[PDB]
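One structure is given here, and the rest of the page talks about it.
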Protein chains: 2
Amino acid sequence: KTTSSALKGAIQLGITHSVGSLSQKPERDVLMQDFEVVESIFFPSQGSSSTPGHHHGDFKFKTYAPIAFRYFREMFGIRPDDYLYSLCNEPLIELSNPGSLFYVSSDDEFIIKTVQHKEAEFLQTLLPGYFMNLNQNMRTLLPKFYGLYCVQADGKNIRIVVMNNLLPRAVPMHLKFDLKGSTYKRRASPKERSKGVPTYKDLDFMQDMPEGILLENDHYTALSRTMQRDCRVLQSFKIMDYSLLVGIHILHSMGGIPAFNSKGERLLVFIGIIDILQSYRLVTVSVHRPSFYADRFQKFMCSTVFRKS
Amino acid sequence: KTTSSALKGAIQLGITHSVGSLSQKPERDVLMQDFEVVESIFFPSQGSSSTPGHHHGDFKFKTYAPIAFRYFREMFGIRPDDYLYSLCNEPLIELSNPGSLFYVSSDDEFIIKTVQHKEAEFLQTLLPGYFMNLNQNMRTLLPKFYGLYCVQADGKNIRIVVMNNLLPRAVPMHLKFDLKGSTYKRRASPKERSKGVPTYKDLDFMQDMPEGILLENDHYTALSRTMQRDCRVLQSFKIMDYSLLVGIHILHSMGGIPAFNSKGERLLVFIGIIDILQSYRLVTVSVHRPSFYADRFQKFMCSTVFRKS
């Protein structure tokens, strides 16, 4: 009945039906064909035989690449009931991150961004490439996409993507940093510093934390190799301007990453590459630019931000 | 110096260089881009700096989707040195199977068929779909493709594919059957019956072996499920007229399949779907035909050819 909560409900309604029915059909493998599908389903306010009930205001629900996401979800270990529950059965909490409404699952596991038709279309083209990545680099840092959907509310189209909340309220985040390996204007806006645990940027990290984050020689090795891979993918996709988001938690489930500190403390660190849906279509930056971006990015992360012994 | 052995040597020469150099570069994951690549390398008779020596007669060697095959090979567990050895370092033995020269590795592990430009191009389009299959149905029955290459000898183009010899001399094949789930002219040609262990066809199996091959209830289950998958893929590819090739060995490494016999004997059975590169381009059979083919094929195999208890 609120302007936006109007939508929260289509979302909750829609995903419940969509995935609802999928779980009844039997599981098969995913074919190429599957990435290019869009299934649609009409929710009338009076309700139908399939799509019954309401009080939110007449909508159509579009689901993209259902089987692919089913499969991605599995690969990510997100059992359907948990998906459905966390998302459909527990009030969606809105958020104001600086057009583009963001949301969280009541349980903080799932961020839900809206996206512009461009990004959405783009991501649809990422799918197969994404599949090849998941099945080769099981520890990939990329976003975890659990679903892509669209809501037709009266006139226009709201496109949402559903994904992982890299740092959920559950573990208390002592530090948050957001990195690109560039420097310009790469400082926390005064507004942002006037916040609890703020998200700092590259220069901030470089003054505030010159010792950099130290790393057990094994762990280092891994991370390094994974980013080198993720960066290769990202690049191949003519993608840039994405950041390594890093969550440092000091200790003054244990599935983060063990690092020692600038001083001598123990820390459990959480990271993920984020903001990945911005690509330039060849079919204005130079050909070699993304490689440049990923090189710089990778080299930065593994030579400053993270180091060994 | 023979008309064909002329080629055996380009093949042996070529693969040695191609894959030779690949093993020196470091291994990375495979991107979509990788399926659509063709690397070429010129072998002059006098020899170059790269491509030295000869006595076979001036050729160009084309390698398709190098990284993809490297990766497929790995997935199939075919260590490069073994690949190179079995194929490049041990005389290629020709064969006359009923245009289209076939070959075997001296060690019987690798069949090497020539193929028409069509099939070759077609297969290049199968690649990504094939990748998705390997990474989801690890026990797939399909051909195992280890490589696709072309030789330019004087005027024209010889395209070879390199793949697995489903039944290598190593295990003695007491029976060979070749099945489609159709019936017409699906009898062994008199010529073929006048052979050692002949390859019989559908009707042959149905008279000669009405009890059908019996199967430990677990094993049955698997096979069944795998074919149901393979058939789904095959179909999605608008592919038909492929046969389940089945090798029965009675016992009057043990990595075949355990089955009991028409009477009461123990057998170790070897199978594979074969002849897969024949597809009809939509971009004259009906849309629904391949589904029909795969349905019939699957149902046949699992209701006659193979059964439980």
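Structural remarks
- Looking across A:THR16, A:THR63, one residue alone is in contact with a helix residue (DSSP H, G or I) (Cβ under 9 Å, 6 or more places away or on another chain), surrounded by 14 or more Cβ atoms within 10 Å (Cβ to Cβ) and not in a helix (DSSP H, G or I). It is A:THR63.
- Flag for A:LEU134 being hydrophobic (A, V, I, L, M, F, W, C), touching a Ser or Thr at 6+ places or on another chain (Cβ under 9 Å), under 30 Å from B:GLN136 (Cα atoms) and surrounded by fewer than 20 Cβ atoms within 10 Å (Cβ to Cβ): yes
- Entry remark, segment A:76-115: residues being within 21 Å of A:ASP275 (Cα to Cα), of a type outside the set (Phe, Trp, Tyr) and not in a strand (DSSP E or B) number 11 in total.
- If the condition is being surrounded by fewer than 20 Cβ atoms within 10 Å (Cβ to Cβ) and aliphatic (A, V, I, L, M), then segment A:142-162 contributes A:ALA153, A:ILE158.
- Of the residues making up segment B:19-39, those that are part of a helix (DSSP H, G or I) and within 14 Å of chain A (Cβ to nearest Cβ) are B:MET32, B:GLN33, B:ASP34, B:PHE35, B:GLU36.
- Hits in segment A:181-192 - residues which are touching a strand residue (DSSP E or B) at 6+ places or on another chain (Cβ under 8 Å) and outside any loop (DSSP other than H, G, I, E, B): A:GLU192
- Matching option when the condition is under 30 Å from A:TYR130 (Cα atoms), touching a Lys or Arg at 6+ places or on another chain (Cβ under 8 Å) and either assigned to a loop (DSSP other than H, G, I, E, B) or within 14 Å of chain A (Cβ to nearest Cβ) (or both), among B:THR125, B:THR140: B:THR140
- Only residues that are among the acidic types (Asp, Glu) and surrounded by 14 or more Cβ atoms within 10 Å (Cβ to Cβ) were counted in segment A:177-215, giving 4.
- Among the candidates A:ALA120, A:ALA153, residue that is over 15 Å from the mean Cα position of the chain (by Cα), of a type in the set (A, V, I, L, M) and within 24 Å of A:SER18 (Cα to Cα): A:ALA153
- Complete set of residues in segment B:163-176 that are more than 24 Å from B:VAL37 (Cβ to Cβ) and either surrounded by 15 or more Cβ atoms within 10 Å (Cβ to Cβ) or among the β-branched types (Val, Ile, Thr) (or both): B:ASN165, B:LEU166, B:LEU167, B:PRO168, B:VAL171, B:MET173, B:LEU175, B:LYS176
A quick note on method: Cβ atoms are made from the backbone with ideal geometry, for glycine too, and the neighbour counts reach across all protein chains shown. Bear in mind these aren't lab numbers, they're just calculated from the coordinates by the rules spelled out.
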